[PDB]
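One chain comes next, on its own, written out as structure tokens in the form deposited in one PDB entry.
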């Protein structure tokens, strides 16, 4: 409901913010698949809560707003998917480097995540304001 999918998105954010640091613990868990499994779990919880919320809104109301909303919905999902895909890719690349320095890979991952965070910010804000106008 209103804040349900938002609270779930907040939990994805909390985790992402820790991952962004790419400390050695993050790295241990990135390479063991724990980070990606958990972020993926938080993303799924988010999109499903959003789906349920938008479906309930759609149900109680008496259509451009609608199609745009779907798209805004897709944008957030894609932002979260990209984050996940970025981390999964990093793991794959590192495991193929045979112990060689991962420095450049991490600098690049960091930059990708900083950019996606700016996207998550505006995309969620856009979804929030659209869901609010949609309301019957």
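Residue numbers count along the first chain shown, from 1.
This next part talks about the form deposited with a small molecule bound, which is not shown.
4.5 Å heavy atom contact, residue 128 to the small molecule in the entry with it bound: Taking the distances in the entry with it bound, the answer for residue 128 is yes, it comes within 4.5 Å of the small molecule.
May I ask you to check whether residue 133 falls inside a 4.5 Å heavy atom distance of the small molecule in the entry with it bound? The answer is no: residue 133 has no heavy atom within 4.5 Å of the small molecule.
Taking the small molecule as it sits in the entry with it bound, is residue 11 near enough to touch it, meaning that at least one heavy atom pair lies within 4.5 angstroms? Yes, residue 11 is a contact residue.
Proximity of residue 124 to the small molecule in the entry with it bound, heavy atoms at 4.5 Å: Yes, contact at 4.5 Å.
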